[PDB]
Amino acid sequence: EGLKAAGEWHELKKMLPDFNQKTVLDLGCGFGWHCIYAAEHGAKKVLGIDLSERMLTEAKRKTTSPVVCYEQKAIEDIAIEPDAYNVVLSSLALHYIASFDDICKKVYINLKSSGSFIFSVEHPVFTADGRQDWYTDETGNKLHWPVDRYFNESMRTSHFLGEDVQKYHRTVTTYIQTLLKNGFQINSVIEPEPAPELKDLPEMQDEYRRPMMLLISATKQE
């Protein structure tokens, strides 16, 4: 879980613009890694938004810069602040949001002219079937990755003891077309392979077989 979170960051870093004197919004900031990074690369103002109080306490403990503020808030509830941001970021968060269209409308408004919108979601191929796991035989070999219901843009629920995880499946089309119809230009679309530091690692070998993540960089056009 932390292994492929490093695989996300490696590709995401190469998408990032220069942060000097930029105003940054981080949707689903967690422990505030992107907010810290932005600050120490010269951002004038960073807002980190997350739902978990536990995570924001750890974020504020890890953040020294007076440039960064944190707020407990749902991503669907972000404030309308027209033209306030140079860049909006979101790492592994938007596949938990029901209307990606609403998020794009709000990000568009909140961004200045030629503002940046860079995000990563769990891949449509990862979420399509719903089981979010390998197809296995009797001995337990991962035979292949199952894909089903690809055009059923609906909730995907998974069950653990005491937890209910709720995600929303969307197609590659929907992510790209939603950005385009909302006035964004597509700069990059990447499906990350494992980071070159951990490409040898035995557990990372199944990650070449199906994509786990979708990363997209987009620019506001008026």
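So that there is no doubt, residue numbering starts at 1 and follows the sequence shown.
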Higher-B stretch (mean Cα B-factor, as the entry records it), 5-13 or 18-26: 5-13
Residue stretch of maximal mean CA temperature factor, 195-203 vs 209-217: 195-203
Peak C-alpha temperature factor (PDB record), options 113, 152, 132, 139: 139
Highest-ranked of 169, 61, 44, 181 once sorted by CA temperature factor in the record: 61
Third of the chain, ranked by Cα B-factor, where residue 70 sits: middle
Modelled-residue ranking by C-alpha temperature factor, third containing residue 76: highest
Chain-wide C-alpha B factor ranking for residue 162, given as lowest, middle or highest third: middle
Chain third (lowest, middle, highest) by recorded CA B-factor, residue given as residue 34: middle
Within-chain third of residue 177 by Cα B-factor, per the entry: lowest
